[PDB]
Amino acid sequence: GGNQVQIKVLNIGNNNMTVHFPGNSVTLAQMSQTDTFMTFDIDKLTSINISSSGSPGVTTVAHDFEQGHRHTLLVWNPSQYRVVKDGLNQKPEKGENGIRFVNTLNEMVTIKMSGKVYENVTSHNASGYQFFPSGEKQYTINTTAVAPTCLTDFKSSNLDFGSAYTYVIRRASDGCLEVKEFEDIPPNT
């Protein structure tokens, strides 16, 4: 996955804190972290609650987790948090192509390509890159910005070896969707 979210918790406060994930709670001492990234299916990550020892305050986490990515959930007293982006769940294989999408529409866009998802790419913003084996890839774009009758199926060009591309999503002259491809110098990250 693809569809899996990896989360590590790092307690940077001065007391014991608990993060309640669906089906599993982790209590950490101050100045300590979970030894591993815990893995979840995005659809099963319904809510995340954070609490502190003694303090009755329970805080719910703003669902800012991207599938296919690792995150560090920073926690501190009194029930404070910050989600830090830690990059991809998997190291891209030699020869894979990095693809990111840029949304120029006034509504969010979701892109699904070869089992990978770029969810709710905001207006005039870029997603991070995700990596794919070479060759033409089919993908879909779903948004409220265009008529439901508009074409949602697209195809990437013949992806070279180890390249990186930015796919810019815009309105076509007929009012539907169009994608312009740009080659970028490969990311080092």
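For every residue, the number given is its place in the sequence shown, counted from 1.
Between 35-43 and 56-64, the higher mean Cα B-factor belongs to 56-64. For the pair 89-97 and 69-77, the mean B factor over Cα atoms is greater in 89-97. Taking the PDB entry at face value, the top CA B factor among 29, 121, 147, 26 belongs to 147. Across the options 157, 130, 140, 125, the residue with the most elevated CA B-factor in the record is 157.
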